[PDB]
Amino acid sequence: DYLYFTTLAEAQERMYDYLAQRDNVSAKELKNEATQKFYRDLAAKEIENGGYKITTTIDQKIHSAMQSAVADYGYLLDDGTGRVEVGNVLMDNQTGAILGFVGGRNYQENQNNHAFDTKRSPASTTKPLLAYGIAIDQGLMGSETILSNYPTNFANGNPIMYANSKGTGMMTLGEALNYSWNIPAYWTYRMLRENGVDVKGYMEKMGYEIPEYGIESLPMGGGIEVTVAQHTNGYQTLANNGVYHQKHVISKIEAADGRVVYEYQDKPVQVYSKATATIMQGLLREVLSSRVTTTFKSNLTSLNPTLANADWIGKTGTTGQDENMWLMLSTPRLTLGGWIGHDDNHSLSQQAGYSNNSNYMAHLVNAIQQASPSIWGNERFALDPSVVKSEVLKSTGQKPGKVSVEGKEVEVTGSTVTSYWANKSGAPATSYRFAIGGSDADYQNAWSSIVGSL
């Protein structure tokens, strides 16, 4: 089944590297297609005939439970657009070890591996990693920062849409994330581009391959296509307080006599500051609790109320024509990535991600917990001590003070909130352009409202 061929494919690649090095084949010689073909064939025959011991990270009980879960509850994905395919990867946050996965609805009927082989746009699940997470990390926004959701156009003149909405007005980062509003994400990424932030540095530290970093819709999944395993690794990084561990299924390959052919080497990388990662955890907790873009917390509370009280965080994504839905879930211990879609890329139903995938993944998480009762853990995500707490105006997301509004020096006061920052000084004093993005006209409208409240 999926585990047999995924493991075999990975073992063959590791055996290929080992045999080429054993036989002293040069980097140049390895560029020869006929030489590569011979070493791939030799690697396959070595595994087939060689009596090697392959040690995997797979938890057999959990992986078996996940197979039974998709066999029993995969039909919950069928939304009237034909048989819906699925991929899931369960990853240990502290190691990057893959404990189990779902390759698809039924290997016997369709062998395509939707966990490791299929690449699709991760849509709005890109936003925490590539837009908001980097902006917080660079000290360009805090947890209660205000962003523009005022109407604006892409470079080609097309309006930035959210369902049938051309946008609203100013909103908090929390509102922007809970709803997955697009314009705030667009402005956040535009700010990173304008400031010359090395976004590629962050994304490549987590193993992402993105060909063009200038794509305006990168936060909404434009110009990015990922496997479920790779994208699970991005969420692993945020859940693990910003420390990436490279995903793996193979831990070790030994000859019969115990000679080590290959052994996974942990190379932990602090991709985001502990402050950034823990602030993002708090925001993604509210994405699930708000239930705006996913019913997951309602589904899970019914199936397993004790498990629903674990510290779940996560994020949804939907591609433009509903071809792909994503739900990424973490507790402190584990991350579970989930994709659904069609092999031929045709549209799912409008609510496929919101309801069907959420219900299926609640069943999958419950199946995992029944197989391994302690595996999700009862630990909480918590702000790192390095987080800076700033008292800011709810209205501006910046500290109270004086601003020039249409000539007149205005004393900006009102309701305050604690905003979490990952810099040294926390939130700046309120300035006229207090929000991420927005036009002159937007700011005239926003300030008119705020002044009206003093």
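From 1 onward, residues are counted along the sequence shown. For the two forms, the rigid core is made up of the largest set of C-alpha atoms that agree within 1.5 Å on superposition.
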* Asked: Is the larger C-alpha RMS shift in 4 other deposited structures of this protein, relative to this form with the rigid core superposed, found in 340-348 or in 312-320?
  -> 312-320
* Structure fact -> Top-deviation stretch by C-alpha RMS in 4 other deposited structures of this protein (rigid core reference), from 120-128, 321-329, is 321-329
* To do: Compare the mean C-alpha B-factor of 244-252 with that of 262-270 as given in the PDB entry, and name the stretch with the higher value.
  => 262-270
* Asked: In the PDB record, does 4-12 or 445-453 carry the higher mean Cα temperature factor?
  -> 445-453
* With respect to the C-alpha temperature factors reported in the PDB entry, which of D92, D311, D257, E85 ranks highest? -> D257
* Check where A371 lands among this chain's C-alpha B-factors and tell me if it's the lowest, middle or highest third. => middle
* To do: Sort the modelled residues of this chain by their C-alpha B factor and say whether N195 lands in the lowest, middle or highest third.
  => highest
* With respect to C-alpha B-factor, does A427 fall in the lowest, middle or highest third of the chain as deposited? -> highest
* Asked: Looking at the C-alpha B-factor of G157, is it in the lowest, middle or highest third of its chain?
  -> highest
* Among modelled residues of the same chain, the CA temperature factor third for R380 -> middle
